[PDB]
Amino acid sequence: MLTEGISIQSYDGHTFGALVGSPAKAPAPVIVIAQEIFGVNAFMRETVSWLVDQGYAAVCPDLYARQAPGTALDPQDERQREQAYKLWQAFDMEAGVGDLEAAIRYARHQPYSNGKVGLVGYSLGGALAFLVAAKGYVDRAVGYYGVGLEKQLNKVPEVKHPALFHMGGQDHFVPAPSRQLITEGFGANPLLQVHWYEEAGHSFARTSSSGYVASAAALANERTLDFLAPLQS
């Protein structure tokens, strides 16, 4: 589900919708939320609603608009899960970064915006979070269980704004050898933080997933909130 009437235009003219929520007290900092491979679905409505509850406005752009606008898939349905993976196969990461840039610019100047913008991404959106952080588009970036961070370690010296990453210690969609590489690579730049959650698997912050761990989700979420707090007026 996207918010009726919301349209955001990318640098290349492509337009996409978004799910938007904002607290009744404005102005407020705005968090752009980068989706998983499942589109702007229930977990995205959950995440938007949590951030609103915590005094942020939120914008979750339809990053699948180039491929299948309005895609919202249930990761617990087999056939829908398979379709998500196929959409991921074809996902253009450089265009995703560009669409996030457009959503971030949008976020800056809404009537409710206080002018500060953070980004929080999950899985696919966690990798996008790191790419956005290296570009420097946002005041602060957070990625949960980003994929393939070990392939991006060359960009570590580009990160010039605070960024926070949450990784599962039991997430076997990360090759075991990647852990040290990411930890050591990130350890070179004090603006980058990476936390490991030794009991948690992939998608550990999402209740619909079998990797869910409540205590790890709550700790990662507290850290996210504490890290984003400076954006607040």
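Heads up: residue numbers just count along the shown sequence, starting at 1.
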Return whichever of 60-68 and 181-189 has the greater mean Cα B factor according to the PDB record.
181-189
If you average the CA temperature factors over each stretch, which comes out higher, 222-230 or 3-11?
3-11
Could you check 36, 199, 53, 46 and tell me which one carries the biggest Cα B-factor in the deposited entry?
199
Rank-wise, by C-alpha B-factor, drop residue 194 into the lowest, middle or highest third of its chain.
highest
Using the B-factors in the PDB entry, rank residue 114's C-alpha atom against the chain and give the third, lowest, middle or highest.
middle
Among modelled residues of the same chain, the CA temperature factor third for residue 123:
middle
Taking the values exactly as deposited, rank residue 40 by C-alpha B-factor within its chain and report the matching third: lowest, middle or highest.
lowest
The third of the chain into which the C-alpha temperature factor of residue 78 falls is the highest
